Amino acid sequence: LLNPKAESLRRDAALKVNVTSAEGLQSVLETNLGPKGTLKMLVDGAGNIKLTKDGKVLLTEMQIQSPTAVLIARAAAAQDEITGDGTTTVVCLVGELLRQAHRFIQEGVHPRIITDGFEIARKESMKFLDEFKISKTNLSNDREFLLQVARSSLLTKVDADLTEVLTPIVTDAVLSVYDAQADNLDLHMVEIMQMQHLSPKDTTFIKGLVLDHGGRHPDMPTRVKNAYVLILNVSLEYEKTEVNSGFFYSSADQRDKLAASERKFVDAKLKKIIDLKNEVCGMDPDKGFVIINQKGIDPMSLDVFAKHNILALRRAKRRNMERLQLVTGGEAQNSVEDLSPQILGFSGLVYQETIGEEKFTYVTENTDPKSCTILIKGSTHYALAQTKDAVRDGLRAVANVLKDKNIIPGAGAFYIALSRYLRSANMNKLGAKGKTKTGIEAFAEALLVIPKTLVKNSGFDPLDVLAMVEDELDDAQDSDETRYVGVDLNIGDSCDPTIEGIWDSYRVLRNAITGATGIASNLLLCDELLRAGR
Amino acid sequence: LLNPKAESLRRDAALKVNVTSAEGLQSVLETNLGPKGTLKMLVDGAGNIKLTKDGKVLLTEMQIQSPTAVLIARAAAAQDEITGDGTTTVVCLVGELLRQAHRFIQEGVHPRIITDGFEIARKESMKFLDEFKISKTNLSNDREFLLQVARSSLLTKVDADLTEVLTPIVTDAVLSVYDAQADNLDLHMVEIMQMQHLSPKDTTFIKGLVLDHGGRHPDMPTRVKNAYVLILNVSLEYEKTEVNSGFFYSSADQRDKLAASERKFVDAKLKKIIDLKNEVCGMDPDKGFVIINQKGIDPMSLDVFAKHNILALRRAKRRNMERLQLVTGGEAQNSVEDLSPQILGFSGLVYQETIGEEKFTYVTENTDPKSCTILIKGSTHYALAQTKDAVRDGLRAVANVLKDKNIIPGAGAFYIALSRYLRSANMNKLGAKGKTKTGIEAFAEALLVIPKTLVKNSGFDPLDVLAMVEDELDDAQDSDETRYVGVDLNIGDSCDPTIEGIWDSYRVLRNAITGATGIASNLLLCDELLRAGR
Amino acid sequence: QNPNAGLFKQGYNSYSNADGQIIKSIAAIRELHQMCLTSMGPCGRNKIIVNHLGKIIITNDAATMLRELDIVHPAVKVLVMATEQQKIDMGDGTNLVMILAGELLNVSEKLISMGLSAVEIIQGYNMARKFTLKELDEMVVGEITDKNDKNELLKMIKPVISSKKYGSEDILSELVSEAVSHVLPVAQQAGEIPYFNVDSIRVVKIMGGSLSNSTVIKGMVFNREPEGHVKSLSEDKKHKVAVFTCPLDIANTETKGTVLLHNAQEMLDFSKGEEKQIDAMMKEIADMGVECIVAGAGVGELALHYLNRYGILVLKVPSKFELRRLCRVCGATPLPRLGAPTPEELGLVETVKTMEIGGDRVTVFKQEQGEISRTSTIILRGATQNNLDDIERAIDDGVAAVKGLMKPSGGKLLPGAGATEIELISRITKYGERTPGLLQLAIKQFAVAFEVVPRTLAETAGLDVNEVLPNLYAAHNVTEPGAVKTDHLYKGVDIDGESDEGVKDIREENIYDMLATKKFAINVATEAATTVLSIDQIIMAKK
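Quick look at the structure:
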């Protein structure tokens with residue numbers, strides 16, 4: 005039953021192909037789970053080496069040939085726009101669930117019964133997640149819990165040593181960027197910078213903004229305290245016509261007369277600028293003056309500003325100008341003709357940072373910046389990329405935790421408890437069907453993949469640590485008290501995630517479970533492969 | 005690290021090869037399990053074709069190339085010399101146990117842990133077997149139970165049509181040899197004979213012995229009622245002069261005269277035989293006279309015997325004479341001169357059967373023959389072989405049941421009940437450690453292969469049948485009552501083996517379980533394969 | 007590079023159910039089912055098989071072909087053994103069993119295609135077999151009373167001789183009936199004692215002439231000539247016949263008897279002594295009243311002269327089987343010695359003479375009134391050897407079929423020309439419709455498997471099945487004004503070649519089948535089909 009010059013797959017060939025692709029992807033991403041996971045190198049033909057552990061980067065930047073694997077990777081990566089994490093969890097769950105489904109199918113279980121069992125187990129797991137979550141306190145002084153969450157999210161992406169530096173920076177940035185009001189959280193006010201000068205361990209937290217374009221003068225101020233911020237939109241530099249042109253002279257008088265045309269406007273603007281500087285902070289002690297001057301500045305005016313102890317910047321970015329307006333409170337002056345002291349803002353310590361290949365200006369220490377900046381440092385492209393990915397992941401995780409007070413203890417407690425609850429509830433209720441028990445057990449076994457992979461990546465044998473955790477879970481359930489039991493990936497024995505400080509996002513786990521169940525159900529329902537369109 | 009003319013398996017290659025060989029052997033013997041199984045066709049290459057279903061015969065006759073398969077077959081063959089049945093059960097159990105052990109090993113479970121779990125599960129299964137058996141009564145009116153056992157044994161080997169013929173034959177043959185007394189059972193008391201050019205359904209039971217040699221005179225009675233059996237070791241063929249002589253003559257008339265003169269030696273013995281016949285019930289009503297005459301008889305003596313209404317045989321095997329010494333009670337007379345009535349035996353109807361290629365004589369209907377004969381009748385070699393194998397298997401099964409009063413209901417109830425009992429007790433006790441749970445679960449799952457294979461052979465879905473059986477068992481347990489639940493291969497639903505009439509031998513199950521566990525442990529402990537001697 | 011896998015027993019030609027072995031065996035059996043389909047029916051076509059001896063054999067018998075055809079597939083041997091059983095137990099139906107088994111295995115392919123397991127198919131086939139066997143008892147129209155009358159015998163003789171040299175029945179039936187009547191003894195009010203014996207009838211053929219020149223001789227006819235002066239015995243009744251094993255020459259002695267010649271006078275005396283010994287041996291034979299001598303070994307010229315001098319007829323029978331037949335006809339016992347023909351070992355034959363048939367002389371030992379023998383010989387004539395062989399086979403089958411007319415319902419007659427087949431098909435279809443469960447499909451396919459008989463009858467006659475079969479079904483599938491079917495229920499497949507179209511009632515030709523033959527054929531075919539289907543794996547080796 006085939007048309008001439010046609011390609012198709014029948015019988016169980018589709019099942020074999022899907023299972024093989026799922027197992028291959030699961031094996032590829034297995035070593036990236038947990039803080040003890042491995043790092044993969046990616047080269048997209050350009051010859052540049054990039055190291056990362058994020059599931060989205062691994063799936064999107066790696067070429068996949070098997071069409072089923074392509075769909076699995078796309079579905080797993082789609083969770084980034086929903087929760088921002090769990091791609092590797094989704095892939096591992098899909099792979100293990102498909103493996104169990106194939107194993108049961110080899111015994112004669114129809115795929116539809118397996119899908120029905122998966123749906124029932126998904127409902128039961130949603131109920132378990134609802135009954136298992138812990139409501140985080142909304143008190144803004146809970147810095148310890150935020151630090152624990154940041155450490156848990158970061159350890160998966162860093163080498164466990166840069167954590168001590170990065171975790172506090174991210175936690176403080178996320179805590180500060182959230183105003184002391186209901187409102188909402190917006191990470192768009194948190195800027196990330198990359199510098200190739202220093203080592204990654206030198207990263208620090210920046211309270212305000214950093215400006216890249218500045219003036220040059222040997223007498224330019226190096227550190228300015230209690231500075232007023234003036235934003236100007238009119239050029240302060242000599243300008244020429246669009247077509248190449250210039251002024252030619254044969255005598256000093258002609259030189260002066262021709263240079264007068266160029267310097268007239270600059271001098272006119274500088275007159276009022278210096279008048280304003282004298283009016284405010286002219287004689288006041290322990291005060292400074294910083295002028296942004298979004299437009300360009302000629303060296304003559306830079307020297308004039310330097311002789312007046314004025315830190316002059318030039319060619320500032322429009323985005324930086326708006327961020328300065330929102331941070332320093334100063335307004336942008338369209339023309340000096342209407343210059344007034346009310347335009348002046350206020351800022352704390354203003355200083356310049358000198359680098360071999362560039363220079364930076366700091367406008368930090370504002371009264372209410374309502375923004376934060378994180379500076380990333382490194383010596384190699386891959387290190388900078390890894391640091392940027394880790395910082396973004398930590399920012400998103402902390403923001404989500406602040407938005408959603410629901411927190412799920414980690415350390416593998418969630419998955420083991422979910423599997424045990426599923427098994428016990430489905431064995432007791434017996435409410436779905438006798439044959440559906442096959443799919444229920446398949447789902448229960450598949451949900452244990454995550455702790456098994458985490459243990460394997462840490463070098464310990466799952467058969468022992470998981471058995472110990474199961475024994476501790478049985479003991480806790482027999483006891484009348486509430487206790488959470490997990491796996492200590494550093495010691496190898498069991499531990500309580502609520503005491504050690506390991507937590508998992510509620511939304512991440514919920515969406516990962518839903519996506520894994522959906523992908524498994526969709527794939528197990530594929531019977532034949534048909535090629536068409538060419 | 006190797007030597008020439010040798011091949012070895014490293015890492016887990018040996019385990020994979022052994023598992024594959026075991027799976028292949030199981031699939032070879034999977035289809036012939038149960039009354040709903042199929043038959044295998046064997047060709048020796050010389051033109052002889054055997055259609056056999058018994059596992060022992062199939063393994064013995066069939067050539068096996070895989071060394072692991074050879075070892076498994078040789079180990080399973082021990083069942084024939086111990087219980088006489090269960091070879092297919094042993095093979096299936098070994099195959100499923102190895103499948104489960106390999107599946108767990110792929111997860112990192114060491115083979116020794118699986119072996120220890122198998123040993124623990126074997127001990128628990130022995131305890132369950134002890135607690136689960138039913139004690140058979142010693143009543144002499146248990147013919148119904150013997151008929152049920154014979155039917156159960158035969159249905160596995162016959163097409164369900166010859167069962168009605170063989171069941172009563174086997175039951176009567178086994179019961180007659182073993183009276184309702186301690187004494188002892190010896191199947192050698194039951195003779196097995198084969199006849200050609202007859203319908204398969206013609207198979208019948210003979211109370212006594214059947215003699216191969218028949219009469220050679222048309223005047224001999226076809227049937228003799230209440231005949232006296234005479235066994236004579238003296239040849240009745242033409243005898244010559246006791247001293248040196250010869251036949252030197254010019255005409256054949258002198259030779260004829262000499263032969264007539266020499267015939268007096270045989271005539272004298274014939275006179276004594278006829279005198280004995282006349283003296284002992286010569287003319288009494290409802291009486292007869294039959295002479296065995298192990299040695300040959302001259303045609304003239306045959307005619308003399310026939311003219312006196314005497315049925316005389318000739319040229320009989322010594323084994324037949326020895327059997328007649330007990331079947332009929334008569335003695336063998338070494339010398340006619342000492343012939344006396346005490347030599348004569350007694351037997352019932354003596355019937356001669358004429359066949360196109362041979363002629364048989366019946367000496368059945370004896371007061372206490374202490375033996376019986378079963379006549380296998382068929383038109384084809386394969387049919388005769390199948391009938392003989394079925395008869396022998398039924399005889400052995402009934403003998404085992406009689407000697408061992410421990411009886412266990414069949415129909416798959418025992419295996420499912422044992423699996424449930426193990427899954428419950430071993431998990432509730434955990435007497436060795438948690439790490440043995442993998443092997444415990446593997447053994448429990450493997451013990452369910454037999455019912456699944458039976459259901460698959462019967463054409464029904466194993467999942468639904470197993471679910472129904474489990475539901476019935478759960479209901480019985482909740483009712484706090486003792487109930488045996490089996491599988492009905494004809495209807496597809498659950499049934500009570502104690503009511504339908506399906507039973508299994510205690511020794512068969514015990515030996516099968518022990519052998520399967522031992523073979524699985526031996527094969528799973530194979531670390532590598534070594535080759536030497538080339 | 008491509009490795010081999012899936013076989014763990016050994017290197018051999020492996021057939022497994024996973025690869026469709028159940029269909030491969032069916033196709034292998036079809037390889038000969040196709041041959042056997044065109045053999046059944048009055049218009050069956052011949053087949054030629056060349057023997058290892060260089061002899062060309064043409065026949066329409068399936069059993070004969072199977073005995074000579076090179077069959078190596080073990081599955082086909084089941085049907086070969088089925089045909090052997092049919093030939094051994096029954097006197098007809100060799101092709102019927104093969105055709106029925108092939109059709110059952112073919113419909114098994116359709117059953118499997120629907121997803122039915124072999125076990126349920128076998129169960130349904132067994133149930134349908136039992137139902138059909140029970141129904142066959144109700145298909146009897148007439149019954150043979152076994153009166154040994156030629157007219158009554160013709161009823162069974164005619165259908166058996168058909169399908170082999172069709173159109174010559176007018177003579178073959180007469181010959182077979184005459185021979186059967188001659189051999190059949192006179193008896194009545196008794197059915198326990200067997201009467202017919204196939205071994206009592208012998209068939210001989212002489213080249214030349216045609217079938218119209220054939221005849222039947224009451225007695226045993228031998229192709230051996232007396233080769234002596236006396237060619238036949240006198241007209242006296244009950245001539246004493248002696249049978250000898252030792253060659254008719256000088257009588258020897260058991261002890262000593264060795265003669266050595268050294269001198270010329272000794273040689274002359276030895277020659278004279280040989281002559282005198284032959285004369286004395288013949289005189290002694292004559293003195294015992296021996297009038298006919300049967301010699302199983304060579305005969306000397308002096309022996310011939312002396313035996314003809316005493317008026318004793320000598321007939322040479324070197325063949326052991328011919329000697330046994332002659333001894334059974336006359337009752338004489340072979341004499342291992344010479345000169346001692348004891349009267350107790352002498353037979354009685356009224357007439358012994360040599361007859362010329364087409365130039366070939368034959369000797370017949372026969373009788374008319376006294377010492378009547380139940381042996382007969384059929385003499386066939388024909389210029390073509392192939393026709394002679396075909397007629398001989400047809401006569402042998404017709405004579406053998408008489409053995410089926412014994413006590414166990416041997417005289418039951420069922421409608422021929424496939425009418426019984428149509429009725430059984432309808433009955434089995436109704437039973438399958440009544441039968442619940444999946445077994446209804448198996449019963450329906452079993453019923454369909456019986457449609458071959460009309461199919462083969464139509465095809466062998468050159469008729470289109472699409473026009474013959476439906477007309478027959480419509481004729482049989484009728485509703486009568488009552489609860490009991492009546493009227494013309496015996497319509498079957500017509501030979502055609504005349505009239506216009508349609509079917510005819512078999513009563514015109516009086517073609518009927520035997521109940522025992524049909525039942526045994528059905529049972530054996532069903533057993534063979536079950537045996538074939540019960541196998542899901544076959545082991546074969548290079549041959």
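Protein chains in written order, with the authors' numbering: chain z, 5 to 538; chain Z, 5 to 538; chain Q, 7 to 549. The beta-carbon is built from N, C-alpha and C at its ideal position, and this holds for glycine as well.
Here's a check: name, in chain order, each residue in its chain whose Cβ is nearer than 8 Å to the Cβ of residue i, leaving out the five neighbours to either side.
i      : result
Q/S540 : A124, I128
Z/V194 : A177, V178, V181, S375, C376, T377, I378, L399
z/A10  : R535
Looking only at its own chain, which residues have a Cβ that is under 6 Å from the Cβ of residue i, when we skip the five neighbours before and after it?
i      : result
z/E34  : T457
Z/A316 : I295, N297, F309
Among the residues of its own chain, which have a CB less than 7 Å from the CB of residue i, if the five just before and after it don't count?
i      : result
z/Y419 : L451, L452, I454, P455
Z/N461 : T35, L37, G38, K40, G41
z/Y386 : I53, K54, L55
Z/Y488 : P413, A417, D500, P501, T502
Q/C252 : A303, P342, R343, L344
z/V169 : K205, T207
Need the endpoints of the beta strand (DSSP E) that residue i sits in, please.
i                      : result
Q/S22                  : 19-22
Q/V370                 : 366-372
residue 1 of chain z   : Here chain z has residues from 5 to 538 only, and residue 1 of chain z is not among them.
Q/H245                 : 245-250
residue 570 of chain z : It is not possible to answer for residue 570 of chain z, since the shown part of chain z is limited to 5 through 538.
Q/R513                 : That residue, Q/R513, is in no beta strand (DSSP E); it is neither H nor E in DSSP.
Could you tell me the boundaries of the alpha helix (DSSP H) in which residue i lies?
i      : result
Q/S277 : 270-293
Q/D396 : 391-407
Z/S31  : 17-34
z/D257 : 256-283
So, under 8 Å CB-CB, residue i and residue j are touching, yes? Tell me the CB distance rounded to an integer number of Å.
i      : j      : result
z/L236 : z/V340 : 7 Å
Q/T339 : Q/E356 : Actually they are not in contact, since the Cβ atoms of Q/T339 and Q/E356 sit about 19 Å apart, beyond 8 Å.
Q/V84  : Q/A534 : 5 Å
Z/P345 : Z/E283 : 7 Å
Near-chain z residues of the segment 463-482 of chain Z - C-beta to any C-beta below 9 Å = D465, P466, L467, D468, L470, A471, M472, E474, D475, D478
query = If we count Cβ pairs, one from each stretch, closer than 8 Å, do we get three or more for the segment 523-534 of chain Z versus the segment 5-20 of chain Z?
reply = yes
query = Of all the residues that make up the segment 323-344 of chain Q, which are near chain Z by a beta-carbon distance shorter than 8 Å?
reply = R343, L344
ask   = Which residues, taken in chain order from the segment 428-459 of chain z, show a beta carbon closer than 9 Å to some beta carbon of chain Z?
value = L434, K437, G438, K439, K441, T442, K456
inquiry  = Beta carbons nearer than 7 Å to chain Z: which residues of the segment 105-129 of chain z have them?
reply    = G112, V113
inquiry  = Can you pull out the residues from the segment 94-115 of chain Q whose beta carbon lies closer than 9 Å to at least one beta carbon of chain Z?
reply    = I94, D95
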